[PDB]
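Reconstructed Cβ throughout: ideal geometry from the backbone, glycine too, with neighbour counts over all protein chains shown. Read the figures in this text as sums done on the coordinates, not as results from a lab.
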């Protein structure tokens, strides 16, 4: 079963003829194709698709460092789940260790291993080519419970493993790695993640994703063709402006025509000839125009239309990649497109890595804050009216408490205490004079 | 192994026929080419690509000096990792030494060695041509643990070394330098860095990067062709405006025609002839127009389109390099393109150089601050209400404490202490009169 024991079927009830009994084929949406990822692999060098992948992965790479060490606060942090909790002495260190582990992508430092930045750039590229992310989790050999590394794996090699009954394996070796159409490795759900952005309930989708490259493939082909068309004017075309027709009772001999070519070029070619005019006394002379006097690119609107569609599927403003936005206006779309990718990476990290440390922690990317010394002083300038005595503030600075602190900085607070002092001095007088009268009587 | 021992294969399982058993070839994306960097080397003189490389490396060069000595605060600094730590007496000097070492690119001063500026300009050029940065680390001959120099190395000469089993070497001499297709040097991971901006999980990518010159190569070729086309009007073209057809019962002899050319030029050429009109009494006279009356460049939109694509791959505004932005609007893109390059250089420096000094330190580029004397006085003008006595402020200035300091500059603070004084004088009176009554009784 794909998810678990259920009485609704979640896979094709009759076993479709997969090429191999051991894994589920990545069939195209229409089943017109069975090797979809080798189709999509051909577009991974497309310049528009790479402009999208590079702009997004450059945006993502800025978060990869820890916010803890980044004075602007931009980055990621490992945090307790509850905002109300205060971390214990050991929890603060465990969170710092998990942060360090993520940064190093593993327990020890090793320059030969990917950084978290390289990992994120990889999986972003994989999401936007394949809509499939995989990374292997490597556990300590002596202690299978202890995670040592996580490494990104080529998604085109990873397939769901299938039982002889055609059911996807659960609980066992759920995944296989296939190279040259033989299984070279296998993995449990514990050892390999799979992440998908565009899920489907469709039974024949078999749990695989859906690439925008598949959806937009016609548009990419049309783009490629219009690019080749415009380039072939130079690469393959006839640029010839026209034909100079000279006509007389009979055509010139080839010798005559070649020394007429010498008369021409020695008198009229280049800068040296540039403003001379030939005189010719042929019976008639005509020039036939075969091209426009002013050539430029064609199908510009067609290209714009195509790229507006492809950008709309990926959720990017064409203006970000150098194309007119046919909507005619518009940052908001950048935010709307980048935030889901960040959340997807967060979801993967939380489910697969942090879950080794248990549910008390959470991994989140965090933006900066507008909490300068000025802003903190404005806040405390209100908190000292509302809450804080001078000495609480100074203690929060690590500055020694002062005699004459322990007061709120409000004139009414002091006017109250000045009242209460008099109240005390009156009750003291009243009670002492009562006692003195009782002792007199 | 590329990264480390793993059960997922990270390289082509069957050894592909590399040209040499000893190193991994830099195959093109489609494997259409095996000598990719000698292809890319031909574009390193491209004017558009150099306009990008020069504008970026000029932007980067401003950071290269230390912020410590730069009164505007712009530059780099070596810092403790934790923002909460206060550096020890020896740590402050070690950080200054590491800064000096970076500036000098080595232990001693030597005018023959690259400065950090020259190093950064080099590796920026290398990133944007090859997407591969290499620098060698040279250790002291007497003490292999002590770093003496780091020097940038030609990335086109550096290849991954491969075992006889076709596996990339790890732990040993991971890198070789190849010149004239023979190995002239070898390096461990300790002795040579490799940096890559555009990583791939693709098994056949073999750990190498992906140049935008490779992706955009068709666009660069189209650009080159359209430039040659527009130049060849002058360099090679016929600029001839038209043919003056004069016609009569028979063509003039060559002698007649050459002395007609003398009659023409002596009467009509240059400024001297400029406003005279010839009278001619031929049977018929015709002028055939062979070019437009007003010539200008062609395919301007095509060029703009191409450069907008190339700029979008590199992440630069065309307006920065003198082209219309086809998006029609837009600094933000400059920031978005320069910040990743800075972070990449930071990541390389942290992983490879600072790591010799251990994880307690961090290298970062830092911008200036808006912390003039005015801003500091505004901040302290609030801190002296919220936190600081006069004497703490003066001590922070190195100015002697004054009698009548030790007070917060708030009227309520003084009104409180004026209360508390009276409170003391009352309790003093009460307690002394209590004692005097006890002594009387």
| query | What is the fewest-to-most order of B:352, A:34, A:255 by other Cβ atoms lying within 10 Å of their Cβ? | reply | A:255, A:34, B:352
| query | In percent, how large is the relative contact order of segment B:156-229, given Cα pairs closer than 8 Å and 6 or more residues apart? | reply | 17 percent
| Where labels lie 7 Å past Cα in the beta-carbon direction, separation of residue A:264 and residue A:163 in nm | 8.2 nm
| note | Here the correct list, in nm and shortest first, of distances from residue B:427 to the same site in the other copies, label points 7 Å along Cα→Cβ, is 1.6
| field | Extension gain, residue B:230 back to residue B:173 (0.36 nm per residue minus Cα-Cα distance, nm) | value | 15.4 nm
| What is the Cα coordinate range of segment A:127-261 on the first, second and third principal axes, sorted by size from largest, in whole angstrom? | 98, 37, 26
| query | Using a Förster distance of 60 Å, how high is the FRET efficiency between residue A:93 and residue A:420, based on the Cβ-Cβ distance and rounded to 0.05? | reply | 0.80
| request: Would you calculate, for chain A, the mean residue ellipticity at 222 nm contributed by helices, counting each DSSP H stretch of 4 or more residues as -39,500 (n - 2.57) and dividing by all residues, to the nearest 500? | output: -13000 deg cm²/dmol
| query | Quick one: Debye curve from the C-alpha atoms of segment B:1-139, no solvent, what's log10 I(q)/I(0) at q = 0.22 Å⁻¹? | reply | -1.33
| query | For segment B:138-170, list residues with backbone N below 18 Å from a point placed 7 Å from the Cα of residue B:41 toward its Cβ? | reply | B:153-160
| message | As an exercise, use a Förster radius of 22 Å and the Cβ-Cβ distance of residue A:69 and residue A:372 to find the FRET efficiency, rounded to the nearest 0.05. | response | 0.75
| Cβ-Cβ FRET estimate between residue A:281 and residue B:274, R0 fixed at 30 Å, reported to 0.05 | 0.70
| query | With labels modelled as points extended 7 Å from the Cα through the Cβ direction, what inter-label distance (nm, one decimal) is found for residue B:148 paired with residue A:204? | reply | 7.0 nm
| field | Average beta-carbon neighbours from other chains, 10 Å sphere, peptide B:410-421 | value | 6
| request: Evaluate peptide B:203-209: per residue, the Cβ atoms of other protein chains within 10 Å of its Cβ; return the mean as an integer. | output: 1
| said: For the rotation taking B to A, I'd like to know which residue in chain B has the C-beta closest to the axis, plus that distance in Å. | reply: B:411, 15
| query | Hey, for residue B:171 with labels 7 Å out along Cα-Cβ, what do the inter-copy distances come to in nm, ordered shortest first? | reply | 3.9
| message | At a threshold of 8 angstrom on Cα-Cα distance, excluding pairs fewer than six apart, so keeping six or more, what relative contact order does segment B:244-286 reach in percent? | response | 65 percent
| task | Provide A:351, A:89, B:174 in ascending order of the number of other Cβ atoms located within 10 Å of each residue's Cβ, fewest first. | result | A:89, A:351, B:174
| request: Within 10 Å of each Cβ in peptide B:236-248, how many partner chain Cβ atoms are there on average? Round it to a whole number, please. | output: 6
| task | Provide, in order from the shortest bin, the percent of all Cα-Cα pairs of chain A in each 10 Å bin, continuing until the bin that contains the maximum pair distance. | result | 3, 13, 17, 16, 12, 9, 9, 8, 6, 3, 2, 1, 0, 0, 0, 0, 0
| Got a sec? Which residues in segment B:354-387 would a label at residue B:62 touch, if it sits 7 Å along Cα→Cβ and we count backbone N under 19 Å? | B:364-372
| Cα gyration tensor shape for the protein assembly as shown, rounded if a/c is under 1.5, else prolate or oblate | prolate
| query | On the first, second and third principal axes, largest extent first, how far apart are the outermost C-alpha atoms of segment B:293-372 in Å? | reply | 72, 35, 19
| said: Among B:426-438, A:48-60, how do they line up by average Cβ neighbours within 10 Å per residue, starting with the highest? | reply: A:48-60, B:426-438
| For the residues A:19, B:226, A:291, B:239, what sequence is obtained by ranking on other C-beta atoms within 10 Å, fewest first? | A:19, A:291, B:239, B:226
| Which distances, shortest first and in nm, link residue A:289 to the matching position in the other copies, using label points set 7 Å out along Cα to C-beta? | 0.8
| query | Mean separation of Cα pairs under 8 Å and 6+ residues apart, divided by the residue count of segment A:124-174: what relative contact order is that in percent? | reply | 26 percent
| query | For segment A:281-430, what D do you get in µm² per second when you plug the Kirkwood radius from alpha-carbon pairs into Stokes-Einstein at 10 °C and 1.306 mPa s? | reply | 65 µm²/s
